[PDB]
Amino acid sequence: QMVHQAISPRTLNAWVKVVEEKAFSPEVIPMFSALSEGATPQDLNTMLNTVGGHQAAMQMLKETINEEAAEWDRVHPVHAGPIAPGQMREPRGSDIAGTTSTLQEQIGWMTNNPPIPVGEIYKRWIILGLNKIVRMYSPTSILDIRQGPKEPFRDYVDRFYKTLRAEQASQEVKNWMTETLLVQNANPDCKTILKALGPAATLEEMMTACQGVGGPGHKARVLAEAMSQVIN
Amino acid sequence: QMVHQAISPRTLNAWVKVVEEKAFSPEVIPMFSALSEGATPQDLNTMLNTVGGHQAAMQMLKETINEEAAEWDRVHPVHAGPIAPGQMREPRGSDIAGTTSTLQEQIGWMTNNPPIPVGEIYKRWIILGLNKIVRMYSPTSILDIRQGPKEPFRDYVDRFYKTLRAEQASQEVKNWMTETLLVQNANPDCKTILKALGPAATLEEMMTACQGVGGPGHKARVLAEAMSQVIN
Amino acid sequence: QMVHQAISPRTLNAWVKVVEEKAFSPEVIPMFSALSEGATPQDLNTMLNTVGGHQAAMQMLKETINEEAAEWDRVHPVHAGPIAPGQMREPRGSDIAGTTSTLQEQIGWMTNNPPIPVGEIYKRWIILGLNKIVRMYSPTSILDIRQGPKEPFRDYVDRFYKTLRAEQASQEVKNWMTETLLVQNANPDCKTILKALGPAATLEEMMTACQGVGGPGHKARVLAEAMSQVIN
Amino acid sequence: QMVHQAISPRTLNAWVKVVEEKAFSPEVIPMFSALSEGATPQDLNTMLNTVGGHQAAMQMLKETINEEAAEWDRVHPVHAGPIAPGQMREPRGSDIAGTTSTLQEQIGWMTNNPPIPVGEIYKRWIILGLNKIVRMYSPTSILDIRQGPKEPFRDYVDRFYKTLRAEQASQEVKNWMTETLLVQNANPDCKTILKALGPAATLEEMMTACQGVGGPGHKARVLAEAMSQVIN
Amino acid sequence: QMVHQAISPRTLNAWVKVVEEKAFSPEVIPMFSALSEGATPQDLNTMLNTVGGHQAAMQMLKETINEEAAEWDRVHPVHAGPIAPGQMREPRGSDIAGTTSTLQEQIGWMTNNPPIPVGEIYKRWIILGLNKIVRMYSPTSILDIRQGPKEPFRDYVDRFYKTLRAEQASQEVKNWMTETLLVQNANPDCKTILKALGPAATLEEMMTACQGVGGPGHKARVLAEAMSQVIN
Ligand SMILES: CC(C)(C#Cc1ccc(-c2ccc(Cl)c3c(NS(C)(=O)=O)nn(CC(F)(F)F)c23)c([C@H](Cc2cc(F)cc(F)c2)NC(=O)Cn2nc(C(F)(F)F)c3c2C(F)(F)[C@@H]2C[C@H]32)n1)S(C)(=O)=O
Ligand SMILES: CC(C)(C#Cc1ccc(-c2ccc(Cl)c3c(NS(C)(=O)=O)nn(CC(F)(F)F)c23)c([C@H](Cc2cc(F)cc(F)c2)NC(=O)Cn2nc(C(F)(F)F)c3c2C(F)(F)[C@@H]2C[C@H]32)n1)S(C)(=O)=O
Ligand SMILES: CC(C)(C#Cc1ccc(-c2ccc(Cl)c3c(NS(C)(=O)=O)nn(CC(F)(F)F)c23)c([C@H](Cc2cc(F)cc(F)c2)NC(=O)Cn2nc(C(F)(F)F)c3c2C(F)(F)[C@@H]2C[C@H]32)n1)S(C)(=O)=O
Ligand SMILES: CC(C)(C#Cc1ccc(-c2ccc(Cl)c3c(NS(C)(=O)=O)nn(CC(F)(F)F)c23)c([C@H](Cc2cc(F)cc(F)c2)NC(=O)Cn2nc(C(F)(F)F)c3c2C(F)(F)[C@@H]2C[C@H]32)n1)S(C)(=O)=O
Ligand SMILES: CC(C)(C#Cc1ccc(-c2ccc(Cl)c3c(NS(C)(=O)=O)nn(CC(F)(F)F)c23)c([C@H](Cc2cc(F)cc(F)c2)NC(=O)Cn2nc(C(F)(F)F)c3c2C(F)(F)[C@@H]2C[C@H]32)n1)S(C)(=O)=O
Ligand SMILES: C=C(C)[C@@H]1CC[C@]2(C(=O)O)CC[C@]3(C)[C@H](CC[C@@H]4[C@@]5(C)CC[C@H](OC(=O)CC(C)(C)C(=O)O)C(C)(C)[C@@H]5CC[C@]43C)[C@@H]12
Ligand SMILES: O=P(O)(O)O[C@H]1[C@H](OP(=O)(O)O)[C@H](OP(=O)(O)O)[C@H](OP(=O)(O)O)[C@@H](OP(=O)(O)O)[C@H]1OP(=O)(O)O
């Protein structure tokens, strides 16, 4: 037969925009519940594959799906023997998840009498994964990258640029983030030097200027400055 | 047959109260999805017709529904004509939306074997529309009606009263809104005159007092006052 | 037959965690609808019985379910006559709610041809109840217990400890709550006395110290001190 | 038959990441050319539908595809006469674009003898559209929203918030953008007032303070201050 | 047959409330012993699945159950051959715990002649696990999160918020904990700066103010302050 509730172009685009705009806020759960309703496991897998970024969250979701597939296998014993020509093989957990089943097999299960709603079972597994992601997963934010009090400036710059590469933004916005946040979120010892450097300093000049922060000479110099302030 | 999941009086009232209390915040999407499950397209249309105000949002929803009906028609080719006497005509997008189908026809599709869940397909279309509304539609608010720096006071009053007529509130709250926000949200040039006029001033008196703001006489008078302050 | 959408261990645990973490915030409505889909009324009742605390909310939910069951009974007239041996009895509202139906009967209704999705009907009833709870139910909070201006300190302490017993917290957190909030949220008249007592004062000492607040002696003493300030 | 070059989950995810990371820089053209080679028009349409945002760009692509389909229809004259039972209908432009053709028909055209590579023809059409997008389409940027010299502060705030809603960023990043760019990109006349307000000022306070900029009172006041400097 | 001592709704709710109120104080052991008496392994598994939080404790309980099942398998040799039609398979350790057995099999074992009380055997295994939890498991407490003498403020804040997410409390109580405990439980070096910041400081301002504690400039400054106190 055919699946009447196969996802339309606008449904898939709406799911993509939901993920892009809300990330994994709780609102993702009702949206996925409504957009994916009635769809085959193949359509749900398409929706899950359209998620860009958030690799850790998607790995969490995959682990949850595997656990639910194992639970399905535990609750459904394997039947050994020759299947009737009219009948078809009973779904397994991987068949529900669509890893070992074709679209035709999923449609056959969904439209059989009695029907096995493999799409809705898979949808509940995905919802469990999404709930786990919403509770536990925190996406990396370029706004959260601050230099540690004893962290070398080079290591902080490496962390900043790694997070910026992972950041969801336009390239112009990422350039503006580099121009604003990097010096702003440095630790005070490095920030003093960076401000003394001036606004026109390049990244290499900034990195050379802070290369000694925490070394013997810089420590002695700041200690001597503080002691001179005290004596005066 | 009969639809076991037809909307109850409490279900319809809950949907009405959801729309009235939350407008089109994201919470409207789960509630609708929960409140309309297993209902016919007729019940869904009844739920949609109970939305008071937000006419622009309802128009956006209608456009989304029409687009989804067109997609359904594209995916489902029409038949040649030999309809089986026992069988019924296959639904079109308009039939899914309930514009060209009766309640009996929708029930027949829903309870047929194999079943066509016309209600659930229509629900998915309505959810797509509601998502578009939540993302893109902003209801007019009496709170953000402010007089422009060069806007005539009469035009501002007309805008304020149009928004107030569109506002969801009781008549007493609307009167209090008129007494409070109209003078508060005027521009400084008109606001000074209104303050000098006194609380007892009526709408006609305020409008007459502010009729000359921005004209040559008022501009000359304010410029002369500023010049006199400068000279002194 | 067999129900393929029976709640798994992780589904039940997710529902328990949702109720514990979110109480009855609106997020409870989508989560329930997602976790409970396809389940029998028995699984729905299991989830409902897993709710610890919020007894008034659960009474509201029960009242809503009874009203929906009455609506179902009104809509479905009871038919007199012996049921066919192949057929089963038509469900009543109590049967959908699972009070008067066994799991076997629920599964038979859900997997019959034509099917009666008693699980989905009951789910919508529970959603109506949950929506009513979210709208109208506010859980008691230990943070909200504050001594009235003329309330005896003993009555305030009784209310505080009752609310603390109802509070969802660990014993250590409850002890810290007692150490912090009880004196903090006392009225000024008792609060000056409690501060004068000192940090080491026990509950009995605090209750004895404030036992006279509002009595003729305390009123006369505070009036005398105020008059001393005035005539100073 | 079957299509061996159907897009894999990783191929689709790579396309999604390309669009999210590069927007429509020229690099999109090689990536799309390489990721979509040998795919059916259905897979191509899926990839096109996973593009979030850039609605004007997608409309441009749709117009280019429609014009290429019209060119195909011009070049290939529709032949009148029943098709051979072994043969299949020749594809039209809409068939290559996938609007009026099913996946089975596309596979039949691609795997026929002689083959009609509808996937590759559609790929070239999409590449033409993408080239037009890369040359002529500029995405909106929140960094580009600056208040005009005579623009009311209300209108500038409206434009800023519309562009921010359209911006591809996390909610925290959008909040930081509101905190940073709105006052920064205001015109000098509003900017001096906003600075005088202080950092703690809310949006409504900022919007009330600038409500009179450009009005007769503000014009007179600034002219008076300038004349005070001159005649000093 | 049927299990006469299947857990009632009130039994399950009482178990949930026991775990919520008491966590894993020794009182859990008698309560579980009394609530679960006579129940099938399926019912006990339900009770264990209703435990929210304490995931480490539940993992310990699962390990104890697995060890007891292994001991059962060691003591009960596997019998190979054709089971009598009137007889059922002898239970294994996994069958006692209900992982590889169905409710029907458990009821058959429990009601057979001679009976195998699989529920009570499983109950003793669970009691052993609960005893191990009571002796060894210590739940995380937000009250126990204190900043180390050399710990960066950002790391301490991250630990605090992780523990707060795991804490059993209402959201309002968690907000109160954030407003009270975080500054209170910081180390003295950070607490001095935080107190100098003021009561209205946000989390970002607090993190910025302590970003340099332990860095060279801060160390020099505090050493200079101490030396100045000594010289004076
Ligand atoms: C052809 C088509 C119709 C199809 C299909 C199709 C078929 C099956 C599956 C699949 C489903 C369930 C499981 Cl449980 C496993 C599995 N279990 S396993 C042995 O442990 O790995 N493997 N698969 C791969 C399988 F089946 F091919 F083997 C799956 C997918 C998933 C959908 C999915 C994506 C996701 F993110 C998280 C999920 F839980 C499920 N997509 C992938 O898995 C590829 N992926 N994975 C991960 C990650 F690791 F981060 F989670 C990532 C991707 C990514 F999308 F690139 C993206 C960056 C993230 N799609 S179409 C048009 O969509 O292309
Ligand atoms: C008999 C009965 C059970 C029925 C039915 C019934 C049947 C069909 C439809 C309908 C459904 C879908 C489409 Cl797609 C079209 C269509 N497509 S079209 C060619 O472009 O216009 N037309 N219809 C009219 C049709 F079918 F009659 F032709 C429809 C409605 C809609 C329900 C609906 C309301 C809505 F807000 C938005 C929707 F998307 C759908 N209600 C209307 O449409 C009337 N409406 N419209 C608009 C607006 F334009 F602002 F959105 C407004 C109304 C309003 F309610 F007054 C309210 C102020 C807003 N109800 S009942 C309840 O009466 O007793
Ligand atoms: C055996 C099993 C499979 C089962 C079942 C099972 C079967 C039926 C029902 C039931 C369902 C619907 C109605 Cl409408 C009535 C009814 N209508 S009536 C004549 O007016 O009272 N009675 N019942 C009892 C019936 F059926 F026995 F008669 C019900 C329950 C409910 C589920 C439920 C819980 C709830 F909170 C609110 C609900 F709306 C429904 N649970 C109870 O009712 C016991 N309960 N009640 C209340 C309260 F009063 F606060 F709401 C409280 C409990 C509590 F859980 F302790 C908790 C503190 C709160 N469970 S299992 C594994 O789960 O144990
Ligand atoms: C079921 C499935 C296999 C399929 C399919 C499927 C089938 C066909 C088409 C399609 C292809 C070519 C043309 Cl030439 C037209 C057409 N020509 S016409 C009469 O002038 O409009 N109509 N269609 C709709 C048709 F065919 F239904 F009629 C098409 C699509 C396009 C793919 C596409 C996307 C795109 F962005 C630009 C394109 F050029 C083509 N997707 C849509 O069209 C929906 N869309 N449109 C636009 C816009 F208008 F902005 F461009 C937008 C969308 C959006 F994705 F939401 C996104 C925000 C942007 N997908 S699956 C798993 O992928 O869902
Ligand atoms: C359908 C139904 C009747 C049933 C059943 C049902 C059937 C079996 C089991 C089970 C029992 C014994 C073992 Cl010895 C194993 C096993 N041994 S193994 C190969 O090493 O992992 N696996 N199982 C899963 C099995 F059998 F399905 F494979 C089990 C469970 C357990 C009950 C249980 C919970 C628990 F906390 C600790 C236990 F010791 C036992 N529930 C789970 O296990 C799922 N779980 N696990 C863990 C953790 F890992 F943290 F401990 C957590 C959960 C959680 F509940 F989510 C919660 C957060 C914590 N329930 S119902 C109405 O209740 O849903
Ligand atoms: C004779 C006098 C009493 C005094 C004594 C000497 C004097 C002085 O020192 O005070 C020299 C300066 C002047 C001439 C004043 C008179 C007033 C004028 C005036 C206020 C006149 C109104 C004019 O305004 C416009 O044209 C309106 C405007 C918005 C610019 C438009 O139309 O585009 C401007 C240009 C703003 C001038 C500035 C110069 C001065 C101060 C004189
Ligand atoms: O629009 P504004 O900037 O607020 O000022 C305008 C405008 O001056 P601008 O050139 O700065 O825009 C007019 O144009 P100019 O003559 O100065 O070039 C001017 O005179 P005209 O209208 O005769 O051209 C006069 O306009 P008005 O006659 O209405 O006073 C004036 O004041 P307004 O703001 O009130 O328009």
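Hydrogens, waters and symmetry mates are skipped; everything else that's a heavy atom, side chains included, is used. By convention in this document, chain letters (A, B, ...) are assigned in the order of the sequence lines, proteins followed by strands, and residues within each chain are numbered from 1.
- Under the side-chain hydrogen bond (donor to acceptor under 3.5 Å, both in side chains) criterion, B:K132 pairs with B:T64, sequence neighbours left out.
- Pairs passing the salt bridge (charged side-chain N to carboxylate O under 4.0 Å, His left out) check and including a residue from residues 98-112 of chain A, sequence neighbours excluded, read A:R89-A:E105.
- Side chain of B:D95 to main chain of B:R92: a donor-acceptor pair is present (N/O by atom type, distance under 3.5 Å, no hydrogens or angles).
- Within the 3.5 Å criterion, the main-chain N or O of B:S33 finds a donor-acceptor partner in the side chain of B:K123.
- Contacts of C:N113 classified as side-chain contact (heavy atoms from CB on, under 4.5 Å), with partners at least two apart in sequence or in another chain: A:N113, C:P115.
- Under a 3.5 Å cut-off, the side chain of B:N112 and the backbone N or O of B:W109 do not form any donor-acceptor pair.
- In this structure, A:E27 has no side-chain hydrogen bond (donor to acceptor under 3.5 Å, both in side chains) partners at least two apart in sequence or on a different chain.
- Annotation: side-chain contact (heavy atoms from CB on, under 4.5 Å) contacts of A:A14 (sequence neighbours excluded): A:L35, B:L128, B:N131.
- The CD1 atom of C:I126 sits 4.5 Å away from the CG atom of C:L48 when rounded to the nearest 0.5 Å.
- Every residue two or more places apart in sequence or in another chain that forms a ring pair (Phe, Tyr, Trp, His ring centres under 6.0 Å) with A:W15 is listed here: A:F32.
- Looking at residues two or more places apart in sequence or on another chain, you find no side-chain hydrogen bond (donor to acceptor under 3.5 Å, both in side chains) involving C:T46.
- Residue pairs satisfying the ring pair (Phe, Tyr, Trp, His ring centres under 6.0 Å) criterion with at least one member in residues 66-104 of chain C, sequence neighbours excluded, are listed as follows: B:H4-C:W72, B:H4-C:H76, C:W72-C:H76.
- Contacts of E:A6 classified as side-chain contact (heavy atoms from CB on, under 4.5 Å), with partners at least two apart in sequence or in another chain: E:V3, E:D43.
- When all heavy atoms of C:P41 and C:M110 are compared, the pair lying nearest together is CD-SD, 4.2 Å.
- Judged by distance alone, with hydrogens and angles left aside, the side-chain atoms of E:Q106 form a donor-acceptor pair with the main-chain N or O of E:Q42 at under 3.5 Å.
- Atom CD1 in A:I127 sits 9.5 Å away from atom CG in A:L44 (nearest 0.5 Å).
- A search for side-chain contact (heavy atoms from CB on, under 4.5 Å) contacts involving A:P30 returns B:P30, C:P30, not counting sequence neighbours.
- Taking CG of A:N45 as the start and OG of A:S36 as the end, the distance is 11.5 Å to the nearest 0.5 Å.
- Checking side-chain atoms of A:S8 against main-chain N and O of A:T11 turns up a donor-acceptor pair under 3.5 Å.
- Minimum interatomic distance between B:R124 and A:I7 (heavy atoms only, all atoms of both residues): NH2-CA, 3.8 Å.
- Applying the salt bridge (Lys or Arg N to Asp or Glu O under 4.0 Å) criterion to B:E71, with sequence neighbours excluded, gives B:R74.
- Applying the side-chain hydrogen bond (donor to acceptor under 3.5 Å, both in side chains) criterion to C:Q5, with sequence neighbours excluded, gives no partner residue.
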